[PDB]
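Structure, as structure tokens:
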């Protein structure tokens, strides 16, 4: 720990002078203890002239005091002298012209000391940002120049500081205010301290530094004055560490290293810094409940253990019996609900020596003057008023329409909320008080609310302690309580019977308390005093063990985690946490204006989000971390009408009489009108096209119906209590929800009944954790939870457990899959993940930069490295090869909305353009294929009123129209202003029919559960001239809603089987009977071969059914050897296939930034690819003999293909040079290369093309795919016709004519083993098995390769 520590803050954030009071009191105590003289006695002979910097004056005086009394040596002496000099320099007057410069430099020195004195401390870039802000806020100079001139002028400052210190010490060695104005001078230095001490700060002023029970005194002052010259003259020695010269030198070095109208208004706001070495105890906790203001809950500001426990809920009125504990609530020691326990409506106003003490419902004291009974008053920083009445009843206006009346029953000593009111809702809670021995005891709560009426009768024992909370006339108590002989609430049984047990020591302090499941949360307090702070708390098993240590001098707490990793929080006098210094040194900050509203938040990683409010106290400028200014505007009624996002796109609004938004004119002008019911709820919303959606609510306010824009109403039903008992679909299908009435999970969702009669059953514990889920088929998925409550095991229907392990902080430590392969996670002493064993021994090491963002991922082969922007959006990635050294870099650019705007890599650059609303309107894709003249493919998007996509002009000028019906339902897909399919939809807006342009008529019929039940395709009109396509697929599902049979007309009956989890383990049919063997993790196994392992432990299969695989050190397949085939895959640093050598026929692949293959070169043949997002819209082929382009048209918002139209030429794309190129040539695309051949797809239930038909309706192409995508036989009428051939496969895939690998977007899917040839780019975010494709290909897709 540094010998001397400080609290650097802003002048605006502090209104009281409590810290100044503490410093003055400490000085007075030192004077009394040493010189035996009060400040008044020494005031006379204290005529010394100094600048009117009260902060610097107090700091210097306090500094001088410690130096004279408390002697220090070593580095501690150097630091103390440095801080004394820093406080002095901003204190002496002459020269007057430099007073502002010196008083600005003093907080600079304070900040550099606070940030450099720490062991392994440095000037982070945020430090330089803060220094620049503080400097510029006052003189508006340059940080480098100011620091340099200070360094050159340091000697004069130190000389004048020595003179000032000599003068100050020449006031005591010999035996006998509130304005920080540079131009004002203190005639006497003692006078401001005396004036401070007189101020009624209302903050405890007990000195926190004890003198040494010694003597010396004047001897001490003589020694101090003698050594002042020695300690200050040597301060300038930059060679000496931890000195003003060293601070300036280090700050300059950091600045040099890191260099490679409304602003002025906020400068007047007071972002100027200010630091003190002594601070007063926080008055109380802040209203904030964030992780920075209270632990997982000891509030840091006061160290009070408060636990808010809800006993029962009255759903029809929205009342939860929140019992609030506060180990510092000595006023509620005799509280009827339990000692130091607060129930709802127990807040009251007590009488003390100071005056009236109000204890809000949250448990936060608010001392009020004795004049509240005679006049109105308002507590600062909250915004609620107290007003009296002639009848002695005090009304609290907490903010809103609620007025709470308080009455006194004993000489105006205790004011108990007799009842409340609500001129608005016309409601009002009535509290009936039983009086005994002049002690008012709450007896009945009358909830005379229009929602419902209740009589919360209470029952007391001999001690007058609530033992049961009844309702109206119910025999069952909503809440039962038990108290030990000391009056402590040692057990609180809620309405469901789930007891909570509380353990107290002999002083009403809660040491341990168990949740409803029996899991304790132990606590220990520094002492048995009522106000003693909680200093330690750990779950019963030791997890989450946290040690709080409050700094003796400052308003700081060192919150040690389970591994003694401190996190030093600093809080204001009101408890607001204005700083958070992590163990690694990253400091988060929070500025606050006089009203304690945040105006600047420098996060740990440097992100800064400011909040400039208007004269009406409304945030009218939220500058983002990226520099985007969002200027809100408000109308005369104080309503947010006009919002202006960073790009200038203005969201207008208009409000009705009830301050509800009745209009919403987005930037493009698509007005969205709402309507509300008298209860201030959305009853009806009108879109921009006129579509009207009607919403209905019941007496409770729970939505009970939603009439879609097309007159389709789905009704939600609720019992009297308000628990959802059914939700009916637009076609009258009821999903009835059933809740438990007894057991551990009483009152929770016990089961769900589905429209086909199948019942899901659940099981929870008392705290809501799922313990056992039974699926519709009866398969049980038991979950096991460890002592701390975190999931520790999940036993699925096969009895295969994914055992998790968590370290003492609740972070995942080791994850064990079904194969007993351990996925070790490693965390550095600072608590960041810095390792990952990936089930295969592949250790990924994570590095972090000074901003704490991920900096490198050192995989065994590739060393990823990230470069970020000021906002933290990645600016580039650098995948260096640790062995070969080849480096691949991607570069990103973002607009002011934080949306990707230009992504580039070696072989592409994608420029994304967006309209005011933020939707993609243009997408220029600058291909950079090697050996090929660079060319640009230009996508366009035209949108309708409701933001749907209605027209996309593909690069070669071909336009795909989506003619939309209503609120986004497609009734036809055009193609060059020529229809290619027209849909017909049912009540639920499900497609029940589509008329293809080739005269075919595909009707889909869905069963009760909405699963596809049949699919017939046939011509609208039949002709004997030719054999038009005609086939059908009737799908039958088993109890688990897994496709268990298909009555296909072409393939016959396809019967499937599944294992309990849901993995497909067989698929029999006439064509081929198949069987699959998955290990517990999910890897296909070669069961037929005995020597093959029974489980692929590392998830990387080395052999499966005649294919032997060879993986590199990153888990990607680098070779696949079988009978007569030797495929070698070359993976780039992004783990992407950039070359394939199949029996010597080398291929070459290339990808844009997003992993979308842009080409595939095979000797002279080149297959360009084009994407409009995640979908391969077109592909173009270049070769000596065959040139063609295919345009794949997919169904709306899906990867299922619809038709492919092409022309016998290479695609016509915008040759790279911009604004002139696309628009002119895109109109040259309006001339267009006419699509020669159309061909329509016909997929199965999951979107896999099963056949194809030309424009005349005939079948032209059939594929018999194996279950896992492997092509078994293709029946094409014209093999050579490239437009009658299909390379599409499982939804989102593409067959490769050279490798037989299906190219998913991000990975290559190798159908033989039904697993990707490389590990998932997103690691475990995709699943436990990172190489497996899917469990069930009949209903799961994985279209993007993740």
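All Cβ positions, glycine included, derive from the backbone under ideal geometry; neighbour counts span all protein chains shown. Readers should treat all values here as calculations from the given coordinates under stated rules, not as data from a laboratory.
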Under the rule of -39500 (n - 2.57) per DSSP H run of 4 or more residues, summed and divided by the residues of the chain, what mean residue ellipticity at 222 nm is obtained, to the nearest 500 deg cm²/dmol? -4000 deg cm²/dmol
Please report, largest first and rounded to whole Å, the three semi-axes of the ellipsoid equivalent to the stretch 162-215, where each semi-axis is the square root of five times an eigenvalue of the C-alpha gyration tensor. 23, 22, 10
Can you bin the stretch 1223-1346 into rounded, prolate or oblate? Criterion: square roots of the alpha carbon gyration tensor eigenvalues sorted a ≥ b ≥ c, rounded for a/c under 1.5, prolate for a/b above b/c, oblate for the rest. oblate
How many nm separate the modelled label positions at residue 375 and residue 742, each set 7 Å beyond the Cα in the direction of the Cβ? 6.5 nm
Cα gyration tensor shape of the stretch 689-774, rounded if a/c is under 1.5, else prolate or oblate by comparing a/b with b/c: prolate
Computed label-point distance, nm, for sites residue 633 and residue 424 using a 7 Å Cα→Cβ extension: 2.8 nm
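Suppose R0 equals 30 Å; then what is the FRET efficiency for residue 32 and residue 362 from their Cβ-Cβ distance, rounded to the nearest 0.05?
So, using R0 = 30 Å, E works out to roughly 0.15.
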Which FRET efficiency value, to the nearest 0.05, is calculated for residue 446 and residue 772 with the Förster distance at 41 angstrom and r the Cβ-Cβ distance? 0.45
If you wrap a convex hull around the C-alpha atoms of the stretch 370-478 and split its volume per residue, what is the figure in Å³? 135 Å³
Sort all Cα-Cα distances of the stretch 613-686 into consecutive 10 angstrom bins from zero, then give the percent of pairs in each bin up to the one containing the longest distance. 19, 41, 32, 8, 0
State whether the stretch 414-462 is rounded, prolate or oblate according to the following rule on the C-alpha gyration tensor (a ≥ b ≥ c being the square roots of its eigenvalues): a/c under 1.5 gives rounded; otherwise a/b larger than b/c gives prolate, and the remaining case gives oblate. oblate
Coordinate range along principal axes, alpha carbons of the stretch 308-602, Å, largest first: 57, 45, 37
Pseudo-spin-label distance residue 195 to residue 390, built 7 Å along Cα→Cβ, given in nm, is 4.4 nm
Do you know the relative contact order of the stretch 308-602, to the nearest whole percent, from alpha carbon pairs under 8 angstrom that are 6+ apart? 9 percent
For 348, 1001, which order do you get if you count the other beta carbons within 10 Å of each Cβ and list the fewest first? 1001, 348
Shape box of the chain [Cα atoms, principal axes, largest first, Å]: 125, 81, 68
How long, wide and thick is the stretch 533-587, going by the Cα atoms along their three principal axes, in whole angstroms, largest first? 35, 26, 18
What's the center-to-center distance, using Cα atoms, between the stretch 353-413 and the stretch 593-637 in Å? 32 Å
May I ask you to sort 251, 1189, 206 by Cβ crowding, counting other Cβ atoms within 10 Å and putting the fewest first? 206, 251, 1189
Where does each of 1276-1285, 209-218 land if you order them by average Cβ count within 10 Å, highest first? 1276-1285, 209-218
Averaged over every viewing direction, what's the projected area of the C-alpha convex hull for the stretch 468-596? Give it in nm², one decimal, please. 12.0 nm²
Rg/Rg_globular for the stretch 1249-1305, with Rg_globular taken as 2.2 N^0.38 Å and Rg from C-alpha atoms: 1.12
Taking the Kirkwood radius as the inverse of the mean 1/r across Cα pairs, report the Rg/Rh of the stretch 743-815. 1.05
Based on the mean of other Cβ atoms within 10 Å per residue, sort peptides 308-315, 950-957 so the most packed one is first. 950-957, 308-315
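Once you keep just the Cα pairs under 8 angstrom separated by 6 or more residues, what percentage relative contact order results for the stretch 913-963? Kindly include the intermediate steps, with their values, before the conclusion.
Numbers: 77 pairs, mean separation 11.6, N = 51.
Value for the stretch 913-963: 23 percent.
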From the Cα centre of the stretch 898-967 to that of the stretch 1213-1232, the distance in Å is 13 Å
Bin width 5 Å, alpha-carbon pairs only: give the P(r) of the stretch 875-940 as whole percents, running from 0 to the bin holding the largest distance. 4, 15, 21, 19, 18, 12, 7, 3, 1, 0
So, in Å, what gap is there between the alpha-carbon centers of the stretch 854-881 and the stretch 71-86? 43 Å
Fraction of the pair-distance distribution of the stretch 995-1092 above 16 Å, Cα-Cα pairs, percent: 68 percent
Cα convex hull of the stretch 678-730, projected area averaged across orientations, nm²: 4.0 nm²
Expressed as cubic angstrom per residue, what is the convex hull volume of the alpha carbon set of the stretch 882-1013? 224 Å³
Just the Kirkwood number for the stretch 7-276, please: inverse of mean 1/r across all distinct Cα pairs, in Å, one decimal. 19.0 Å
Mean Cα-pair separation over length for the stretch 613-686, i.e. relative contact order, pairs under 8 Å, 6 or more apart, %: 14 percent
